[PDB]
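J.: A single structure is presented below for examination.
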Amino acid sequence: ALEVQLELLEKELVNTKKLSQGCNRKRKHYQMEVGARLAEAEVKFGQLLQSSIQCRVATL
Amino acid sequence: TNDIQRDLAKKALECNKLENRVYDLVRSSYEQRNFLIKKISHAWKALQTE
């Protein structure tokens, strides 16, 4: 009876293990989606930063 | 009191024989059953953290 009682607990350890890794798995994609979009924004940010300068340098 | 000393002798000798016969068979099955109980205490403790 004690062996039937034990195996049931470790089945729930697995069910929790799978859904825990499954939630983290969805988060990972979101992180990589936006982290790229932030990288896109910063590149464009640095382009203006120097573009606005090189316009003003020539105007003089 | 002497009637009990006969009983204490006769009965406890039977008890020690019954105990040591059981113990030889059941101390092994105790360890089997008791080491299995410790597995619930760890199977539970991990369950909560998960």
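J.: With a 10 Å Cβ neighbour count serving as the proxy for reagent exposure, in which order, fewest first, do A:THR59, A:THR16 appear?
T.: So the residues, fewest neighbours to most, are A:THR59, A:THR16.
J.: If you take the charge dipole of the protein assembly as shown about its Cα centre, with +1 on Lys and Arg Cβ and -1 on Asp and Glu Cβ, which of B:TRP44, A:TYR30, A:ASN15 is farthest toward its positive end?
T.: The one lying farthest along the dipole's positive direction is A:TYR30.
J.: Additional query: Among the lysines, select those whose C-alpha is under 29 Å from the C-alpha of A:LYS26, and discard any that sit fewer than 8 residues away in the same chain.
T.: Of all the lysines, those that pass the test against A:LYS26 - Cα under 29 Å, at least 8 places apart if same chain - are A:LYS11, A:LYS17, A:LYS18, A:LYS44, B:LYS45.
J.: Would you kindly derive the ³J(HN,Hα) couplings of region A:44-60 from the backbone phi angles with the Karplus curve 6.51 cos²θ - 1.76 cosθ + 1.60 (θ = phi - 60°), listing them in order in whole Hz, with x for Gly and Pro?
T.: 5, 5, x, 5, 4, 3, 8, 4, 4, 5, 5, 6, 5, 4, 7, 4, 5
Taken together, the values in this text are just the output of simple stated rules run on the coordinates, not laboratory data. Backbone-built Cβ (ideal geometry, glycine too); neighbour counts: all protein chains shown.
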